[PDB]
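The structure appears right after this line, and notes come after that.
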Number of protein chains: 2
Amino acid sequence: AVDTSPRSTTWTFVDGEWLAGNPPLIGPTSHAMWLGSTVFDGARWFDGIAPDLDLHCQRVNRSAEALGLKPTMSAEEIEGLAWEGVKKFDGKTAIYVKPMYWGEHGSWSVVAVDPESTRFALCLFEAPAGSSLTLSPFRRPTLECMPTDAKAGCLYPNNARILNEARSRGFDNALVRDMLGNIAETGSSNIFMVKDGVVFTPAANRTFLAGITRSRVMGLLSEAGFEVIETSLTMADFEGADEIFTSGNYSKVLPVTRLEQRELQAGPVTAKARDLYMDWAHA
Amino acid sequence: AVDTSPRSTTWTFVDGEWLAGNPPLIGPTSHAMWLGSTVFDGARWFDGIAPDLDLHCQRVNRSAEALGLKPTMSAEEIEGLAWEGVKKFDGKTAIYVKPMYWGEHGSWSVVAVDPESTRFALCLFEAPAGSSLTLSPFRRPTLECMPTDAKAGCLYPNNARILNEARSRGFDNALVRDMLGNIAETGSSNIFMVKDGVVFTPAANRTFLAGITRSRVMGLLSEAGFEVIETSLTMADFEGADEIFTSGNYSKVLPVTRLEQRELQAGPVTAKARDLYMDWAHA
């Protein structure tokens with residue numbers, strides 16, 4: 001009944017080979033199947049360029065260490081495979097690049113993954129306007145209760161609730177607070193706001209991933225003469241903002257045009273952030 | 001390099017067939033592989049009996065609803081398959097029963113699983129003394145930051161940290177607090193203590209699974225004339241206890257013989273809890 005083939009053209013490097021489709025890799029006795037030992041990252045190729053691909057390949061390795069896995073591939077080898085893999089596509093569509101590590105076996109206790117049982121795959125697949133935000137009744141976890149250190153599948157079912165409950169109320173996404181009440185990020189990306197020409201973004205506090213796109217954008221805007229401030233923000237701050245915009249979602253910078261009931265224009269600083277990213281990425 | 005076959009004899013029912021080994025089921029484009037959409041439960045067959053098997057089959061379905069999956073099999077059908085599957089083994093060893101549901105695809109957003117893409121497997125495998133506990137520096141998450149509602153793989157990497165850090169200090173396991181500072185459970189089971197003939201256990205607060213074994217044991221001890229109290233416990237309470245014991249780990253009731261530096265005898269109430277469980281299970 002359930003069709004498991006991919007929704008778009010897909011090529012995956014695993015165990016020395018490039019495979020089309022959705023080839024099964026993990027079984028019912030694989031530790032990753034029931035006990036959560038998986039880690040991934042994401043980058044985007046479009047028009048012969050892959051912005052910060054190198055940083056995404058380093059991160060998937062740090063994610064793996066952080067979740068108790070042992071990264072088998074150097075970041076350079078992962079980059080290398082990505083450039084080879086991209087040639088198997090016609091190039092007329094953007095390609096998402098998803099490296100993954102996972103565990104096959106537990107250790108002295110079945111719950112703790114055996115780092116020597118780590119396996120790797122690199123999955124490349126073709127890719128399938130202002131958005132609206134509300135406030136989520138859900139929260140980010142903390143480093144004390146989850147490994148927020150890792151870009152890991154185990155964190156994402158909370159994002160699935162966040163996004164679905166926001167959609168049930170007519171929004172595309174939602175802002176998500178940490179356990180202190182401060183805004184951390186959205187259900188799927190980092191968040192920025194602008195007030196009186198100044199750019200603000202939630203300070204990195206280990207409840208959320210301080211993104212690679214976030215870091216690039218902050219650096220670009222600084223070098224263009226903006227004030228960019230990492231701080232603690234609340235909902236009140238966002239209700240008062242001149243512009244709001246997101247970063248992530250495979251290296252994109254996207255405007256937010258509705259916050260709760262209030263409409264906003266897509267703003268100038270946001271456009272500038274987009275033009276700087278592009279000029280940097282094409283240089 | 002990594003051998004993915006199972007560490008013991010294994011039979012899995014999936015897509016209408018019984019399969020030996022660790023047959024691959026999930027691929028790199030399967031939602032469950034990177035975004036955490038998996039759920040399982042566990043029961044134990046030994047000597048022709050499977051204690052509360054029916055309740056574990058109902059729970060895996062509730063877990064599935066709670067994580068946004070759509071349970072495809074009635075609890076009765078799952079029980080039915082378990083009794084058929086057990087006949088493929090020689091019967092000289094205990095058999096663990098692990099039903100699983102997972103997602104194959106996302107929906108309007110890739111992060112949120114499509115409930116119609118849910119698949120099922122039932123994995124049966126053969127099974128491969130007082131223990132020691134410390135206090136964990138980690139915490140349980142809350143229902144506001146994770147779906148603690150579901151027996152889901154995404155929760156378990158936190159248990160992997162808990163167990164490993166306890167082992168790094170010379171213990172088998174650790175007590176784990178909720179975010180209010182009260183003891184919730186251990187890294188792998190529910191916890192009980194006895195003080196002056198009275199049995200105490202942490203009250204169910206949606207930060208941890210109130211077990212099926214826990215509930216059985218509480219009911220058995222009540223019916224045998226014990227006082228059994230669900231309350232808020234702290235570490236101080238446990239440091240003062242006459243006995244401590246655990247429940248879970250596939251329907252077992254096990255004594256704790258060390259708490260930090262303090263040694264304890266395996267105690268009478270714990271033995272009684274074990275004899276009651278057995279007499280109930282064999283009736």
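By convention in this document, the chains of the structure tokens carry letters A, B, ... by their order, each chain's residues are numbered from 1, and ligands are numbered from 1 in the order they are shown.
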
Subject >> Residues flagged strand (DSSP E) by DSSP in range 37-210 of chain A, as an MDAnalysis selection string >> reply: chainID A and resid 38:40 43:45 95:103 118:126 131:139 173:177 183:186 189:195 198:202

Under the rule of at most 7 Å, produce a per-residue listing of chain A near chain B: chain, number, name, the closest pair of atoms, and the distance in Å, as a tab-separated table, using only C-alpha atoms.
```
residue	atom	partner	partner_atom	distance
A:2	CA	B:117	CA	5.8
A:4	CA	B:104	CA	6.4
A:6	CA	B:29	CA	6.1
A:22	CA	B:27	CA	5.2
A:23	CA	B:27	CA	5.2
A:24	CA	B:27	CA	4.0
A:25	CA	B:27	CA	5.2
A:26	CA	B:24	CA	4.8
A:27	CA	B:24	CA	4.0
A:28	CA	B:22	CA	6.0
A:29	CA	B:22	CA	5.5
A:34	CA	B:153	CA	5.0
A:35	CA	B:153	CA	4.2
A:36	CA	B:153	CA	4.6
A:37	CA	B:157	CA	6.9
A:38	CA	B:34	CA	6.4
A:39	CA	B:34	CA	6.8
A:40	CA	B:34	CA	6.6
A:104	CA	B:4	CA	6.4
A:111	CA	B:160	CA	5.5
A:112	CA	B:160	CA	4.4
A:117	CA	B:2	CA	5.8
A:123	CA	B:28	CA	6.6
A:138	CA	B:144	CA	5.1
A:139	CA	B:145	CA	4.8
A:140	CA	B:145	CA	5.3
A:141	CA	B:145	CA	5.0
A:144	CA	B:138	CA	5.1
A:145	CA	B:139	CA	4.8
A:146	CA	B:158	CA	5.4
A:147	CA	B:158	CA	6.7
A:153	CA	B:35	CA	4.2
A:154	CA	B:154	CA	4.0
A:155	CA	B:154	CA	6.9
A:156	CA	B:35	CA	5.7
A:157	CA	B:36	CA	6.1
A:158	CA	B:146	CA	5.4
A:159	CA	B:111	CA	7.0
A:160	CA	B:112	CA	4.4
```

Residues from the last selection, N, CA, C and O atoms, saved as a compact mmCIF listing (two decimals), in the first residue's frame:
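Resulting contents of selection00.txt:
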```
# COMPACT_ATOMS: atom_id res chain seq x y z
N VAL A 2 1.82 1.43 0.90
CA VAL A 2 2.68 2.61 0.91
C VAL A 2 3.79 2.50 -0.13
O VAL A 2 4.61 1.61 -0.05
N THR A 4 7.26 3.47 -1.36
CA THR A 4 8.45 4.01 -0.76
C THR A 4 9.45 4.63 -1.72
O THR A 4 10.47 5.14 -1.29
N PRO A 6 11.22 7.60 -3.93
CA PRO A 6 11.38 9.02 -3.67
C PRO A 6 10.46 9.92 -4.50
O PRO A 6 9.99 9.51 -5.52
N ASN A 22 15.18 4.88 -3.49
CA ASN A 22 15.23 4.75 -2.04
C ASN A 22 15.64 3.31 -1.62
O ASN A 22 14.79 2.57 -1.13
N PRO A 23 16.91 2.91 -1.84
CA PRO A 23 17.38 1.58 -1.44
C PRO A 23 17.39 1.37 0.07
O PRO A 23 17.85 2.22 0.80
N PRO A 24 16.76 0.29 0.55
CA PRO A 24 16.73 0.05 1.98
C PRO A 24 18.11 -0.21 2.55
O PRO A 24 18.85 -1.03 2.01
N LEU A 25 18.41 0.46 3.65
CA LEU A 25 19.72 0.41 4.32
C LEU A 25 19.65 -0.06 5.76
O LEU A 25 20.62 -0.64 6.26
N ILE A 26 18.52 0.21 6.42
CA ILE A 26 18.38 -0.03 7.86
C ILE A 26 17.28 -1.04 8.13
O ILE A 26 16.15 -0.92 7.60
N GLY A 27 17.58 -2.00 8.97
CA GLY A 27 16.64 -3.06 9.30
C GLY A 27 16.14 -3.05 10.74
O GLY A 27 16.49 -2.18 11.56
N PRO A 28 15.28 -4.02 11.06
CA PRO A 28 14.54 -4.01 12.34
C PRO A 28 15.42 -4.31 13.56
O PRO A 28 15.07 -3.96 14.68
N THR A 29 16.60 -4.82 13.32
CA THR A 29 17.60 -5.06 14.36
C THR A 29 18.73 -3.98 14.34
O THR A 29 19.69 -3.99 15.16
N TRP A 34 15.13 1.81 15.96
CA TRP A 34 14.23 1.98 17.09
C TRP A 34 14.74 2.91 18.21
O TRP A 34 13.92 3.34 19.02
N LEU A 35 16.04 3.17 18.28
CA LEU A 35 16.63 3.84 19.41
C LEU A 35 17.31 5.16 19.06
O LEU A 35 18.03 5.74 19.83
N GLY A 36 17.03 5.68 17.90
CA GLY A 36 17.31 7.08 17.62
C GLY A 36 18.73 7.47 17.25
O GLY A 36 19.04 8.63 17.33
N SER A 37 19.59 6.57 16.80
CA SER A 37 20.97 6.98 16.57
C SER A 37 21.25 7.44 15.12
O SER A 37 22.01 6.79 14.39
N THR A 38 20.68 8.59 14.73
CA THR A 38 20.91 9.12 13.39
C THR A 38 21.26 10.61 13.41
O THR A 38 20.83 11.36 14.27
N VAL A 39 21.98 11.04 12.40
CA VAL A 39 22.46 12.43 12.36
C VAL A 39 22.52 12.76 10.88
O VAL A 39 22.78 11.88 10.06
N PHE A 40 22.24 13.99 10.50
CA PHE A 40 22.31 14.38 9.09
C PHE A 40 22.69 15.85 9.02
O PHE A 40 22.75 16.53 10.05
N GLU A 104 24.36 0.98 13.82
CA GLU A 104 23.78 -0.36 13.62
C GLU A 104 23.56 -1.18 14.91
O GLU A 104 22.66 -2.04 14.94
N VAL A 111 20.75 0.40 24.70
CA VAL A 111 20.29 1.78 24.50
C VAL A 111 21.44 2.67 23.96
O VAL A 111 21.21 3.53 23.10
N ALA A 112 22.66 2.47 24.44
CA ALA A 112 23.79 3.25 24.00
C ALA A 112 24.42 2.65 22.75
O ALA A 112 24.87 1.54 22.75
N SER A 117 29.89 0.85 15.25
CA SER A 117 28.88 0.33 14.32
C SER A 117 28.31 1.43 13.42
O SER A 117 27.33 1.21 12.74
N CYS A 123 23.14 11.33 0.46
CA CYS A 123 21.95 11.30 -0.36
C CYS A 123 21.75 12.65 -1.05
O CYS A 123 21.73 13.67 -0.41
N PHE A 138 4.60 25.10 22.09
CA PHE A 138 5.73 24.25 22.42
C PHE A 138 7.05 25.02 22.68
O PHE A 138 7.18 26.25 22.43
N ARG A 139 8.01 24.33 23.27
CA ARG A 139 9.29 24.92 23.64
C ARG A 139 10.43 24.10 23.02
O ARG A 139 10.23 22.96 22.64
N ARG A 140 11.62 24.71 22.94
CA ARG A 140 12.81 24.02 22.64
C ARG A 140 13.18 23.24 23.85
O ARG A 140 13.03 23.74 24.95
N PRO A 141 13.75 22.07 23.67
CA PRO A 141 14.43 21.43 24.79
C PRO A 141 15.76 22.11 25.19
O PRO A 141 16.18 23.07 24.55
N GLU A 144 20.43 19.85 28.86
CA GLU A 144 20.27 18.93 29.98
C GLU A 144 19.29 17.78 29.77
O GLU A 144 19.46 16.74 30.36
N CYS A 145 18.32 17.95 28.88
CA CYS A 145 17.33 16.93 28.64
C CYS A 145 17.39 16.30 27.21
O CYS A 145 16.88 15.25 27.00
N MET A 146 18.04 16.93 26.25
CA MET A 146 18.30 16.30 24.95
C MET A 146 19.66 16.75 24.49
O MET A 146 20.18 17.77 24.96
N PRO A 147 20.24 16.03 23.53
CA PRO A 147 21.46 16.41 22.86
C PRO A 147 21.20 17.40 21.75
O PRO A 147 21.22 17.03 20.55
N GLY A 153 17.98 13.53 13.95
CA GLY A 153 16.57 13.25 13.74
C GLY A 153 15.73 13.24 15.02
O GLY A 153 14.57 13.66 15.01
N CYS A 154 16.29 12.77 16.13
CA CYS A 154 15.54 12.70 17.37
C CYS A 154 14.97 14.08 17.83
O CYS A 154 14.01 14.12 18.60
N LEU A 155 15.50 15.21 17.34
CA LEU A 155 14.96 16.48 17.74
C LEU A 155 13.73 16.91 16.98
O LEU A 155 13.02 17.81 17.43
N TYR A 156 13.50 16.30 15.82
CA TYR A 156 12.60 16.85 14.85
C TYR A 156 11.15 16.53 15.07
O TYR A 156 10.28 17.25 14.60
N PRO A 157 10.84 15.44 15.74
CA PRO A 157 9.38 15.28 16.03
C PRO A 157 8.78 16.44 16.85
O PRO A 157 7.60 16.70 16.70
N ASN A 158 9.57 17.15 17.63
CA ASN A 158 9.05 18.31 18.28
C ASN A 158 8.76 19.43 17.25
O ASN A 158 7.72 20.09 17.33
N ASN A 159 9.66 19.61 16.28
CA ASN A 159 9.37 20.51 15.17
C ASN A 159 8.17 20.10 14.35
O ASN A 159 7.44 20.98 13.91
N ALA A 160 7.90 18.81 14.21
CA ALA A 160 6.70 18.37 13.53
C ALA A 160 5.40 18.83 14.25
O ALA A 160 4.44 19.26 13.61
```

Original post:
Between CA of residue 176 in chain B and CA of residue 136 in chain B, what is the distance, to one decimal in Å?
Top reply: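 Value for the CA of residue 176 in chain B-CA of residue 136 in chain B distance: 5.4 Å.
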
Subject >> Atom-to-atom span, CA of residue 61 in chain A and CA of residue 248 in chain A, Å >> reply: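 Value for the CA of residue 61 in chain A-CA of residue 248 in chain A distance: 18.8 Å.
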
Original post:
Counting only C-alpha atoms, what is within 8 Å of residue 203 in chain A, bar same-chain residues fewer than 4 positions away, as a list in words?
Top reply: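 After dropping sequence-adjacent residues, the list is residues 184, 230, 231 and 232 of chain A.
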
**OP:** Could you please determine the separation between CA of residue 96 in chain A and CA of residue 280 in chain A in Å, to one decimal place?
**Re:**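 About the pair CA of residue 96 in chain A and CA of residue 280 in chain A: they are 19.5 Å apart.
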
Subject >> Residue contacts of range 43-45 of chain A (12 Å, only C-alpha atoms) excluding same-chain residues fewer than 3 positions away, as an MDAnalysis selection string >> reply: chainID A and resid 40 48:60 78:79 82:83 85:87 89 91:99 122:127 211:213 248:252 281:282
